[PDB]
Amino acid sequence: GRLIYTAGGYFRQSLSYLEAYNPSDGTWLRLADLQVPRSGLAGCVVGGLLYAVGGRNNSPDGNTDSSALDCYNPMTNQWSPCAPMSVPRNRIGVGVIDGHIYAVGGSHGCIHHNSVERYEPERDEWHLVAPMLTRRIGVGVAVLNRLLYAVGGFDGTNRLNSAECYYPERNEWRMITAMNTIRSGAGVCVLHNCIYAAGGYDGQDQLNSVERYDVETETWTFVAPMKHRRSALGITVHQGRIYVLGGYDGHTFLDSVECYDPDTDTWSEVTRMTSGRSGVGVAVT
């Protein structure tokens, strides 16, 4: 049995919720809180452990970006800290390649990162790699055939439809075809060997559109759009379907959870979170 875990988020302030959705019986399990309330973080799973990476503690008593890496074990229902990144990374993107975590982009105050670093769990160590070609906050990250894709984002002045790809062996980045739509804070995942980019913010509207990249044709194609436009959504793949959780539609913080079936190219609302939030980290384990 595998669950969809959501960690952190933002609703009037950063959150500590770790909750786990069961797509079969519909339940939400309330698990151990994060050590620190964080929003705009990213979630990943390595070796059956859930990692929460980066983010920002927004509190009524102050605001601070986060370089933190923390680790949750479903067998003990406990969190443990890890070694932190070199720099705080709010609205971060992450991906996993060969059991290594790649932290990508994000902001630290007024700094908009192009820097990227790699985490080795077997040694609890972080190391800088080659920086992206673009500074990207709110960047979507996906991993396709052991290649690391950074998609969209915001460079401090302009939001982006461009995308680049990191080759770890060469340790270098190369631009790829840009998306059809400028997207900041979109949900980016990999499903059945295509990269999906759903929602986000183009500087004027929150987006409901969804487009996917084929490496064969090197092309982005629109698919069915989501029911509710949303930016700063969480996104994950569970049993060959895409789940998008929460986000912000320009007025409210959503608790809606939508599900994409690629075989029908349809979206459907499957559950609601226990409370609306944006900027969560989500993963499956």
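Residue numbers here begin at 1 and follow the sequence given.
Inset, instruction - Tell whether, across the other compared PDB entries, at least a third have no coordinates for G247. - result: Other entries vs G247: none skip it.
Legend entry - Flanks modelled, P60 absent in at least a third of other entries: Across the other compared entries, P60 is absent from at least a third.
Legend entry - 223-231 versus 39-47 - greater average Cα B-factor per the deposited record: Taking the mean C-alpha B-factor of 39-47 and of 223-231, the larger value falls to 223-231.
Inset, instruction - Look over 166-174 and 132-140 in the entry and identify the one with the greater average Cα temperature factor. - result: Taking the mean C-alpha B-factor of 166-174 and of 132-140, the larger value falls to 166-174.
Legend entry - Top residue by Cα temperature factor, when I182, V215, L207, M85 are compared in the entry: That would be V215.
Inset, instruction - Kindly indicate the residue among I101, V188, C194, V104 with the greatest C-alpha B-factor in the PDB record. - result: The listed residue with the largest C-alpha B-factor is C194.
Legend entry - Modelled-residue ranking by C-alpha temperature factor, third containing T252: It falls in the top third of the chain.
Legend entry - Record-listed C-alpha B factor of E125: chain third: Answer is highest: the recorded C-alpha B-factor places it there.
Inset, instruction - Among all modelled residues of this chain, ranked by Cα B factor, put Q239 in the bottom, middle or top third, i.e. lowest, middle or highest. - result: Middle third.
Legend entry - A198, C-alpha B-factor rank within chain (lowest, middle or highest third): According to the entry, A198 has a C-alpha B-factor in the chain's middle third.
Legend entry - Record-listed C-alpha B factor of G62: chain third: As the PDB entry reports it, the C-alpha B-factor of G62 lands in the highest third of its chain.
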